[PDB]
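Below: run-v4.cif (mmCIF, C-alpha atoms and all ligand atoms)
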data_run
#
loop_
_atom_site.label_atom_id
_atom_site.label_comp_id
_atom_site.auth_asym_id
_atom_site.auth_seq_id
_atom_site.Cartn_x
_atom_site.Cartn_y
_atom_site.Cartn_z
CA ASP L 11 -33.15 7.64 0.96
CA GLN L 12 -29.35 7.09 0.30
CA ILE L 13 -26.15 7.65 2.25
CA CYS L 14 -22.64 7.03 0.72
CA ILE L 15 -19.20 6.71 2.27
CA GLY L 16 -16.27 8.03 0.31
CA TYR L 17 -13.16 10.11 0.28
CA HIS L 18 -11.47 13.31 -0.86
CA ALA L 19 -9.95 13.98 -4.23
CA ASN L 20 -8.51 17.13 -5.68
CA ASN L 21 -6.49 18.60 -8.64
CA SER L 22 -2.98 17.78 -7.07
CA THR L 23 -0.17 16.34 -9.14
CA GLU L 24 2.16 15.57 -6.24
CA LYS L 25 3.66 12.14 -6.73
CA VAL L 26 5.25 9.62 -4.45
CA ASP L 27 6.90 6.26 -4.72
CA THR L 28 6.13 3.29 -2.52
CA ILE L 29 7.71 -0.11 -2.29
CA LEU L 30 5.06 -1.65 -4.58
CA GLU L 31 4.12 1.34 -6.77
CA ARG L 32 5.85 4.14 -8.66
CA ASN L 33 4.62 7.71 -9.54
CA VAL L 34 1.41 7.53 -7.37
CA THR L 35 -0.49 10.77 -7.42
CA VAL L 36 -1.53 11.89 -3.95
CA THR L 37 -3.79 14.62 -2.61
CA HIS L 38 -1.10 15.93 -0.26
CA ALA L 39 2.64 15.35 0.15
CA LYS L 40 5.64 16.66 2.06
CA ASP L 41 9.13 17.04 0.67
CA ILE L 42 11.65 16.29 3.42
CA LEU L 43 14.83 16.90 1.40
CA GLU L 44 16.28 20.41 1.20
CA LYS L 45 17.54 21.21 -2.26
CA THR L 46 18.26 24.92 -2.28
CA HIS L 47 20.66 27.44 -0.83
CA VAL A 297 23.40 20.60 -1.39
CA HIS A 298 27.03 19.80 -0.49
CA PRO A 299 28.77 17.34 1.91
CA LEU A 300 31.36 19.77 3.32
CA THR A 301 28.98 21.83 5.32
CA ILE A 302 29.83 23.81 8.52
CA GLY A 303 27.08 24.38 11.10
CA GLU A 304 24.04 22.66 12.63
CA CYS A 305 22.79 21.01 9.40
CA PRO A 306 20.42 18.27 8.00
CA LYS A 307 21.97 14.97 7.00
CA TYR A 308 23.54 15.05 3.58
CA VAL A 309 22.20 12.36 1.28
CA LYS A 310 22.80 11.30 -2.30
CA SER A 311 19.07 11.15 -3.06
CA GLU A 312 17.29 13.60 -5.36
CA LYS A 313 13.91 13.60 -3.68
CA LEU A 314 12.41 12.29 -0.48
CA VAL A 315 8.70 12.82 -0.48
CA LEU A 316 6.28 11.48 2.05
CA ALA A 317 2.67 11.02 1.19
CA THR A 318 0.49 12.60 3.76
CA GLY A 319 -2.61 12.41 1.70
CA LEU A 320 -4.78 9.92 -0.11
CA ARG A 321 -4.30 8.51 -3.52
CA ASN A 322 -5.59 11.29 -5.62
CA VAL A 323 -8.07 9.54 -7.72
CA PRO A 324 -10.52 12.18 -9.08
CA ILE A 335 -23.81 9.29 -6.04
CA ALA A 336 -21.13 6.59 -5.68
CA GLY A 337 -18.94 5.78 -2.66
CA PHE A 338 -15.27 4.87 -2.33
CA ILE A 339 -15.36 1.80 -4.57
CA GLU A 340 -15.28 4.36 -7.48
CA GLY A 341 -13.00 6.96 -5.61
CA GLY A 342 -13.09 10.72 -6.43
CA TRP A 343 -15.24 12.97 -4.24
CA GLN A 344 -13.83 16.29 -5.39
CA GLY A 345 -16.99 17.92 -4.08
CA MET A 346 -16.11 17.02 -0.49
CA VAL A 347 -13.64 19.60 0.77
CA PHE D 399 46.15 15.73 5.20
CA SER D 400 49.76 15.88 3.99
CA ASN D 401 51.06 14.05 0.94
CA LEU D 402 52.58 11.41 3.21
CA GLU D 403 49.25 10.64 4.84
CA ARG D 404 47.46 9.12 1.88
CA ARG D 405 46.25 6.10 3.80
CA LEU D 406 44.83 8.32 6.55
CA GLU D 407 43.09 10.56 4.05
CA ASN D 408 41.65 7.47 2.41
CA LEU D 409 40.52 6.14 5.81
CA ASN D 410 38.75 9.44 6.45
CA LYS D 411 37.13 9.44 3.03
CA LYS D 412 35.93 5.89 3.39
CA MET D 413 34.47 6.51 6.81
CA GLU D 414 32.54 9.53 5.47
CA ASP D 415 31.37 7.73 2.29
CA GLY D 416 30.32 4.77 4.37
CA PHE D 417 28.07 6.83 6.58
CA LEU D 418 26.66 8.64 3.60
CA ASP D 419 25.63 5.36 1.94
CA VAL D 420 24.04 4.20 5.17
CA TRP D 421 22.01 7.36 5.64
CA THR D 422 21.02 7.59 2.00
CA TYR D 423 19.84 3.98 1.92
CA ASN D 424 17.90 4.41 5.13
CA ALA D 425 16.31 7.64 3.91
CA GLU D 426 15.21 5.99 0.68
CA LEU D 427 13.64 2.97 2.31
CA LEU D 428 12.11 4.82 5.16
CA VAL D 429 10.29 7.02 2.71
CA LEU D 430 9.15 4.16 0.52
CA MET D 431 8.05 1.97 3.43
CA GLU D 432 6.25 4.81 5.10
CA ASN D 433 4.45 5.76 1.88
CA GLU D 434 3.28 2.20 1.37
CA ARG D 435 1.79 2.28 4.82
CA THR D 436 0.25 5.78 4.47
CA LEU D 437 -1.72 4.76 1.49
CA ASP D 438 -2.86 1.46 3.08
CA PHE D 439 -3.79 3.45 6.21
CA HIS D 440 -6.09 5.70 4.28
CA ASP D 441 -7.76 2.82 2.45
CA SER D 442 -8.28 1.06 5.75
CA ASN D 443 -9.85 4.12 7.33
CA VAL D 444 -12.46 4.64 4.63
CA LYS D 445 -13.34 0.94 4.74
CA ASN D 446 -13.63 1.18 8.51
CA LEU D 447 -16.31 3.85 8.13
CA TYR D 448 -18.11 1.64 5.70
CA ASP D 449 -18.34 -1.20 8.22
CA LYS D 450 -18.84 1.09 11.23
CA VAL D 451 -21.93 2.36 9.48
CA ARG D 452 -23.03 -0.98 8.00
CA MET D 453 -23.04 -2.47 11.51
CA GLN D 454 -25.40 0.14 12.97
CA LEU D 455 -27.74 0.16 9.98
CA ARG D 456 -27.87 -3.62 9.99
CA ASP D 457 -30.99 -4.90 8.23
CA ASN D 458 -32.71 -1.57 7.63
CA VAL D 459 -30.67 -0.87 4.50
CA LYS D 460 -29.61 -2.39 1.22
CA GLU D 461 -25.96 -2.68 0.42
CA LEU D 462 -25.72 -1.30 -3.10
CA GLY D 463 -22.26 -2.74 -3.80
CA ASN D 464 -20.69 0.63 -4.67
CA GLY D 465 -19.81 1.91 -1.18
CA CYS D 466 -23.40 3.20 -0.35
CA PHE D 467 -26.50 2.16 1.55
CA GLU D 468 -30.17 2.58 0.65
CA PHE D 469 -32.77 2.87 3.35
CA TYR D 470 -35.97 0.91 3.33
CA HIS D 471 -37.59 3.25 5.80
CA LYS D 472 -37.68 6.89 4.90
CA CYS D 473 -34.55 8.60 6.38
CA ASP D 474 -34.57 12.43 6.66
CA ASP D 475 -31.88 14.94 7.74
CA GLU D 476 -32.26 14.15 11.45
CA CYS D 477 -31.76 10.37 10.58
CA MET D 478 -28.81 11.37 8.36
CA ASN D 479 -27.27 13.26 11.28
CA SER D 480 -27.68 10.12 13.50
CA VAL D 481 -26.20 7.71 10.93
CA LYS D 482 -23.27 10.07 10.32
CA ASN D 483 -22.54 9.86 14.07
CA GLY D 484 -22.60 6.75 16.24
CA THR D 485 -26.24 7.21 17.19
CA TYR D 486 -28.46 5.39 14.69
CA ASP D 487 -31.48 3.97 16.43
CA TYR D 488 -32.03 0.58 14.86
CA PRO D 489 -35.38 -0.30 16.70
CA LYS D 490 -37.22 2.76 15.35
CA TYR D 491 -36.85 1.75 11.70
CA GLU D 492 -37.99 -1.32 9.76
CA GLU D 493 -37.96 -3.05 6.39
CA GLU D 494 -41.08 -2.46 4.25
CA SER D 495 -41.29 -6.10 2.84
CA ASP H 348 -2.85 -19.70 -14.80
CA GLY H 349 -1.94 -17.13 -12.13
CA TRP H 350 -1.81 -16.49 -8.40
CA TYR H 351 -5.39 -15.61 -7.61
CA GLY H 352 -8.43 -16.81 -9.41
CA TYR H 353 -11.66 -18.66 -9.83
CA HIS H 354 -13.00 -22.16 -9.93
CA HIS H 355 -16.40 -22.92 -11.22
CA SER H 356 -19.01 -25.55 -11.76
CA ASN H 357 -22.19 -25.17 -13.82
CA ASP H 358 -24.36 -27.10 -16.32
CA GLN H 359 -21.77 -26.68 -19.09
CA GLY H 360 -18.68 -27.88 -17.22
CA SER H 361 -16.10 -26.98 -14.60
CA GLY H 362 -12.53 -25.78 -14.22
CA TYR H 363 -10.05 -23.15 -13.08
CA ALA H 364 -9.06 -19.75 -14.42
CA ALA H 365 -6.87 -16.98 -13.09
CA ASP H 366 -8.08 -13.54 -12.32
CA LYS H 367 -5.63 -11.84 -14.61
CA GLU H 368 -6.26 -8.30 -13.43
CA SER H 369 -5.63 -9.18 -9.80
CA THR H 370 -2.63 -11.35 -10.51
CA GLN H 371 -0.95 -8.87 -12.79
CA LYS H 372 -1.28 -6.04 -10.31
CA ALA H 373 0.09 -8.16 -7.51
CA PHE H 374 2.86 -9.37 -9.76
CA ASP H 375 3.92 -5.88 -10.75
CA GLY H 376 3.89 -4.90 -7.08
CA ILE H 377 6.17 -7.75 -6.09
CA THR H 378 8.48 -7.04 -9.01
CA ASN H 379 8.79 -3.38 -7.97
CA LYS H 380 9.37 -4.49 -4.39
CA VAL H 381 12.24 -6.76 -5.28
CA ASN H 382 13.74 -4.10 -7.49
CA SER H 383 13.48 -1.48 -4.73
CA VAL H 384 15.53 -3.70 -2.43
CA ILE H 385 18.18 -4.39 -5.08
CA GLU H 386 18.32 -1.16 -7.14
CA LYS H 387 18.64 1.14 -4.14
CA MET H 388 21.91 -0.51 -3.12
CA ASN H 389 24.98 1.56 -4.05
CA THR H 390 27.72 -0.38 -5.88
CA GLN H 391 31.10 1.34 -6.35
CA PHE H 392 34.60 0.23 -7.24
CA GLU H 393 36.53 -0.49 -4.05
CA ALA H 394 39.86 -2.11 -3.04
CA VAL H 395 39.15 -2.41 0.73
CA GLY H 396 42.59 -3.60 1.92
CA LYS H 397 45.16 -1.41 3.70
CA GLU H 398 48.69 -1.96 4.95
CA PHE H 399 50.04 -0.78 8.29
CA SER H 400 53.45 -0.90 9.98
CA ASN H 401 54.08 -2.44 13.38
CA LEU H 402 54.13 1.04 14.92
CA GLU H 403 50.67 1.85 13.61
CA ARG H 404 48.65 -0.59 15.67
CA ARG H 405 46.11 1.98 16.75
CA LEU H 406 45.55 3.07 13.14
CA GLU H 407 45.17 -0.51 11.98
CA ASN H 408 42.68 -1.07 14.77
CA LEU H 409 40.81 2.12 13.79
CA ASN H 410 40.58 0.83 10.22
CA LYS H 411 39.41 -2.58 11.35
CA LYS H 412 36.77 -1.15 13.62
CA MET H 413 35.44 1.16 10.96
CA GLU H 414 35.12 -1.77 8.53
CA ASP H 415 33.56 -4.12 11.13
CA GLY H 416 31.16 -1.39 12.14
CA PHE H 417 29.84 -0.94 8.64
CA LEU H 418 29.60 -4.66 8.17
CA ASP H 419 27.41 -5.05 11.26
CA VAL H 420 25.21 -2.20 10.08
CA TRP H 421 24.70 -3.65 6.62
CA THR H 422 24.21 -7.18 7.88
CA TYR H 423 21.60 -6.09 10.42
CA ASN H 424 19.79 -4.02 7.85
CA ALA H 425 19.84 -6.86 5.31
CA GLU H 426 18.41 -9.28 7.85
CA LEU H 427 15.56 -7.06 8.94
CA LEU H 428 14.75 -5.77 5.55
CA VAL H 429 14.26 -9.31 4.35
CA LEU H 430 12.19 -10.34 7.34
CA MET H 431 10.02 -7.23 7.30
CA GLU H 432 9.48 -7.44 3.59
CA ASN H 433 8.54 -11.12 3.79
CA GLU H 434 6.00 -10.44 6.51
CA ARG H 435 4.41 -7.88 4.25
CA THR H 436 4.56 -10.05 1.09
CA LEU H 437 2.60 -12.76 2.70
CA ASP H 438 0.02 -10.34 4.18
CA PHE H 439 -0.23 -8.70 0.75
CA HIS H 440 -1.16 -11.94 -0.91
CA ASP H 441 -3.75 -12.81 1.74
CA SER H 442 -5.25 -9.36 1.36
CA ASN H 443 -5.48 -9.68 -2.40
CA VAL H 444 -7.37 -12.96 -2.39
CA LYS H 445 -9.77 -11.59 0.25
CA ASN H 446 -10.23 -8.49 -1.89
CA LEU H 447 -11.47 -10.67 -4.76
CA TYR H 448 -13.83 -12.36 -2.40
CA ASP H 449 -15.47 -9.08 -1.43
CA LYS H 450 -15.18 -7.54 -4.91
CA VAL H 451 -17.28 -10.44 -6.12
CA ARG H 452 -19.57 -10.65 -3.09
CA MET H 453 -20.52 -7.00 -3.61
CA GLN H 454 -21.64 -7.45 -7.22
CA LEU H 455 -23.48 -10.71 -6.57
CA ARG H 456 -25.23 -9.18 -3.58
CA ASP H 457 -28.43 -11.05 -2.75
CA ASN H 458 -28.50 -13.42 -5.72
CA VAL H 459 -26.11 -15.85 -4.06
CA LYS H 460 -25.53 -17.79 -0.87
CA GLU H 461 -22.31 -17.36 0.98
CA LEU H 462 -21.20 -20.91 1.68
CA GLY H 463 -18.65 -19.97 4.34
CA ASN H 464 -15.72 -21.67 2.59
CA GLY H 465 -14.67 -18.93 0.16
CA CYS H 466 -17.41 -19.72 -2.50
CA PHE H 467 -20.80 -18.51 -3.64
CA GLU H 468 -23.85 -20.48 -4.78
CA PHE H 469 -26.29 -18.97 -7.22
CA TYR H 470 -30.01 -19.08 -6.71
CA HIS H 471 -30.66 -18.34 -10.35
CA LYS H 472 -29.11 -20.64 -12.87
CA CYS H 473 -25.68 -19.19 -13.91
CA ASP H 474 -24.08 -20.52 -17.13
CA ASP H 475 -20.67 -19.87 -18.77
CA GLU H 476 -21.66 -16.43 -20.07
CA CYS H 477 -22.76 -15.50 -16.44
CA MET H 478 -19.49 -17.02 -15.16
CA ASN H 479 -17.54 -14.83 -17.58
CA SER H 480 -19.44 -11.72 -16.28
CA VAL H 481 -18.93 -12.56 -12.58
CA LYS H 482 -15.24 -13.24 -13.19
CA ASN H 483 -14.99 -9.70 -14.60
CA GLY H 484 -16.55 -6.55 -13.18
CA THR H 485 -19.71 -6.92 -15.26
CA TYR H 486 -22.28 -8.96 -13.32
CA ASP H 487 -25.75 -7.71 -14.05
CA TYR H 488 -27.57 -7.83 -10.75
CA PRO H 489 -31.11 -6.79 -12.07
CA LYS H 490 -31.34 -9.73 -14.50
CA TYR H 491 -31.14 -12.39 -11.78
CA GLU H 492 -33.31 -13.13 -8.75
CA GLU H 493 -33.75 -15.34 -5.70
CA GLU H 494 -36.12 -18.30 -6.19
CA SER H 495 -37.76 -18.09 -2.65
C1 LIG Y 501 -6.46 23.61 -7.81
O1 LIG Y 501 -7.49 23.78 -6.76
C2 LIG Y 501 -7.24 24.93 -5.84
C3 LIG Y 501 -8.33 24.90 -4.76
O2 LIG Y 501 -9.65 25.04 -5.28
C4 LIG Y 501 -7.21 26.27 -6.66
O3 LIG Y 501 -6.89 27.36 -5.79
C5 LIG Y 501 -6.12 26.17 -7.78
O4 LIG Y 501 -6.12 27.37 -8.58
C6 LIG Y 501 -6.43 24.93 -8.71
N1 LIG Y 501 -5.50 24.78 -9.87
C7 LIG Y 501 -4.17 24.59 -9.78
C8 LIG Y 501 -3.35 24.45 -11.03
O5 LIG Y 501 -3.59 24.51 -8.68
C1 LIG Y 502 8.21 8.46 -12.95
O1 LIG Y 502 8.20 9.85 -13.44
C2 LIG Y 502 9.54 10.37 -13.85
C3 LIG Y 502 9.36 11.84 -14.24
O2 LIG Y 502 8.46 12.03 -15.33
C4 LIG Y 502 10.12 9.47 -15.01
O3 LIG Y 502 11.43 9.91 -15.35
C5 LIG Y 502 10.18 7.98 -14.52
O4 LIG Y 502 10.66 7.15 -15.60
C6 LIG Y 502 8.74 7.50 -14.11
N1 LIG Y 502 8.81 6.11 -13.57
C7 LIG Y 502 7.85 5.19 -13.78
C8 LIG Y 502 7.98 3.81 -13.21
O5 LIG Y 502 6.83 5.46 -14.45
#
What's the structure tokens form of this structure?
Amino acid sequence: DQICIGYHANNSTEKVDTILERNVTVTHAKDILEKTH
Amino acid sequence: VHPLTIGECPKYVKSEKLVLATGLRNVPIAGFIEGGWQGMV
Amino acid sequence: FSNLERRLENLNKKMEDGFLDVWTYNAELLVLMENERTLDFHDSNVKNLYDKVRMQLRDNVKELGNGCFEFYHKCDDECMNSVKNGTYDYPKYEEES
Amino acid sequence: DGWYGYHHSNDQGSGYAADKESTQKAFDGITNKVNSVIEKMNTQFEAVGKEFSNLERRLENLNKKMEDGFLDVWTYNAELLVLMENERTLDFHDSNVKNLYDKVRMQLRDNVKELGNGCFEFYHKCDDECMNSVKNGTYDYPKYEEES
């Protein structure tokens, strides 16, 4: 009867900035800056 | 961490965070125009 | 450096601060520019499925306007498997009216 | 009224109106974009100039080269950041007006003709209250139908 096309969502609160947007929540993210020792 | 580092080290930057998105905007019977299929894992 | 080498110490400091500003600025914009593109990339990919599918289903479905298609002809799990792959057989199905 | 919008003609009149939702989002995006370019630049107190003796020619040359080197790096980056950002700004705007076109096409569905010039023609009579609905995300598809 019906078929839909969509995408993944989850409970993540990881946020990123982009040139156009600020504090965008994403499903997955990678931190590339080392902060600890 | 500190600019005066001895060894084979990452570049030192003045930034606080550098985070790359790898995923989709997390926007949790309807397709993508709504966004949110938490049931599709 | 000695206390009589203040200009040399300052030259060293400036060279190091200069490279730090260059690498920090580049790190900040590379991340922001790449994140803008990652999110556009994902939106493009889900839209591409929508049209990839729309173009095989052609006239045998209704576009519902919310990112879904409704079949005029009954479509079962074997049909679903075909649509979900690049194998939908257009000629075997038809509009009811 | 704004950057992107609508024009209409019906029994009650005609005119232009902006799509405020679309324009404001695009506007905020461009504002954040300009601020990213400017706000990420590091401004510090500096004196720049140095003095050298006539027996320090290699040190003066080292200083000059270091300063010229950073100037070429910042000039090159400024030139490409502006060109790359402008390429994207213009694509951004074209994308946004096309997105209204499909946002609207997908609610109007089969009750309109696509005229091929960025407009839709209604089969069912559509008045100012209909216009308001179409211009927002509220068009009621079930209440309207094709004549033939
Ligand atoms: C989020 O979802 C994951 C996967 O189902 C689960 O393990 C986790 O406990 C949930 N809650 C939080 C706060 O992460
Ligand atoms: C983003 O989130 C941080 C942390 O809560 C906050 O300090 C900052 O002001 C927020 N920026 C915007 C544009 O919302």
Quick one: axis-aligned box around all listed atoms of ligand LIG 501 (chain Y), 3 Å on every side, centre and edge lengths in Å to one decimal, written as lines of an AutoDock Vina configuration file.
center_x = -6.5
center_y = 25.5
center_z = -7.9
size_x = 12.3
size_y = 9.8
size_z = 12.3
Taking into account all atoms listed in the file, which residue in the set H:459, H:381, H:473, H:394 is nearest to chain L?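 When distances to chain L are compared using all atoms listed in the file, the smallest one comes from H:381.
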Proximity to chain H - best of D:490, D:440, D:445, D:472, all atoms listed in the file: D:445
Let me see if you get this right: every residue at most 8 Å from ligand LIG 502 (chain Y), counting all atoms listed in the file, written as a PyMOL selection string. chain L and resi 31-33
Enumerate as a ChimeraX atom specification the residues belonging to chain A that approach chain H to within 12 Å, with only C-alpha atoms taken into account. /A:310-311,339
Same residues, C-alpha atoms, output as a PDB file, keeping the file's coordinate frame:
ATOM      1  CA  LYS A 310      22.800  11.300  -2.300  1.00  0.00           C
ATOM      2  CA  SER A 311      19.070  11.150  -3.060  1.00  0.00           C
ATOM      3  CA  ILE A 339     -15.360   1.800  -4.570  1.00  0.00           C
TER       4      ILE A 339
END
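The shell of residues at most 8 Å from segment 373-380 of chain H, with only C-alpha atoms counted and near chain neighbours (fewer than 3 positions) removed, consists of residues 29, 30 and 31 of chain L; 369, 370, 383, 384, 436, 440 and 443 of chain H.
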Please indicate the distance in Å from atom CA of residue 386 of chain H to atom CA of residue 426 of chain D, rounded to one decimal place. 11.0 Å
Using all atoms listed in the file, determine which residues lie at most 12 Å from segment 298-300 of chain A, disregarding the query and same-chain residues fewer than 5 positions distant; provide the list as an NGL selection string. (:L and (44-47)) or (:A and (305-310)) or (:D and (411 or 414-415 or 417-418))
Residues from last step as file, C-alpha atoms, as an mmCIF file, in the coordinates of the input:
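Saved file part34.cif follows:
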data_model
loop_
_atom_site.group_PDB
_atom_site.id
_atom_site.type_symbol
_atom_site.label_atom_id
_atom_site.label_comp_id
_atom_site.auth_asym_id
_atom_site.auth_seq_id
_atom_site.Cartn_x
_atom_site.Cartn_y
_atom_site.Cartn_z
ATOM 1 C CA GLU L 44 16.280 20.410 1.200
ATOM 2 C CA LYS L 45 17.540 21.210 -2.260
ATOM 3 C CA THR L 46 18.260 24.920 -2.280
ATOM 4 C CA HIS L 47 20.660 27.440 -0.830
ATOM 5 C CA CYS A 305 22.790 21.010 9.400
ATOM 6 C CA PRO A 306 20.420 18.270 8.000
ATOM 7 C CA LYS A 307 21.970 14.970 7.000
ATOM 8 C CA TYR A 308 23.540 15.050 3.580
ATOM 9 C CA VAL A 309 22.200 12.360 1.280
ATOM 10 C CA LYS A 310 22.800 11.300 -2.300
ATOM 11 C CA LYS D 411 37.130 9.440 3.030
ATOM 12 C CA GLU D 414 32.540 9.530 5.470
ATOM 13 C CA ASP D 415 31.370 7.730 2.290
ATOM 14 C CA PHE D 417 28.070 6.830 6.580
ATOM 15 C CA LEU D 418 26.660 8.640 3.600
#
Just the residues within 10 Å of residue 315 of chain A, please, counting only C-alpha atoms, with nothing from its chain fewer than 6 positions along; format it as an NGL selection string. (:L and (24-27 or 39-43)) or (:D and (426 or 429-430 or 433))
Residues contacting ligand LIG 501 (chain Y) - anything with an atom at most 10 Å away, using all atoms listed in the file - can you give me those as a ChimeraX atom specification? /L:20-23 /A:344,347
For the residues in that selection, give me C-alpha atoms as a PDB file, in the frame of the given file.
ATOM      1  CA  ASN L  20      -8.510  17.130  -5.680  1.00  0.00           C
ATOM      2  CA  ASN L  21      -6.490  18.600  -8.640  1.00  0.00           C
ATOM      3  CA  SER L  22      -2.980  17.780  -7.070  1.00  0.00           C
ATOM      4  CA  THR L  23      -0.170  16.340  -9.140  1.00  0.00           C
TER       5      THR L  23
ATOM      6  CA  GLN A 344     -13.830  16.290  -5.390  1.00  0.00           C
ATOM      7  CA  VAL A 347     -13.640  19.600   0.770  1.00  0.00           C
TER       8      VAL A 347
END
Near residue 451 of chain H, counting only C-alpha atoms, which residues have an atom at most 10 Å away, once you skip same-chain residues fewer than 6 positions from it, shown as a PyMOL selection string? (chain D and resi 463) or (chain H and resi 445+466-467+481-484+486)
In terms of the shortest atom-to-atom distance over all atoms listed in the file, which of D:446, D:454, D:480, D:400 is closest to chain A?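 Checking each of D:446, D:454, D:480, D:400 against chain A, counting all atoms listed in the file, the winner is D:446.
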Could you check how far atom CA of residue 423 of chain D sits from atom CA of residue 38 of chain L, in Å to one decimal?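 Taking atom CA of residue 423 of chain D and atom CA of residue 38 of chain L, their separation equals 24.2 Å.
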Of the listed residues D:449, D:432, D:407, D:457, that which approaches residue 492 of chain D most closely, counting only C-alpha atoms: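 Smallest separation from residue 492 of chain D among the options: D:457.
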Write out as JSON lines the residues of chain D that have any atom within 6 Å of an atom of chain A, one row each with the nearest atom pair and its distance in Å to one decimal, counting all atoms listed in the file, sorted by chain and then rising number.
{"residue": "D:422", "atom": "CA", "partner": "A:309", "partner_atom": "CA", "distance": 5.0}
{"residue": "D:433", "atom": "CA", "partner": "A:317", "partner_atom": "CA", "distance": 5.6}
{"residue": "D:464", "atom": "CA", "partner": "A:339", "partner_atom": "CA", "distance": 5.5}
{"residue": "D:465", "atom": "CA", "partner": "A:337", "partner_atom": "CA", "distance": 4.2}
{"residue": "D:466", "atom": "CA", "partner": "A:337", "partner_atom": "CA", "distance": 5.6}
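Here atom CA of residue 475 of chain D is placed at a distance of 23.9 Å from atom CA of residue 342 of chain A.
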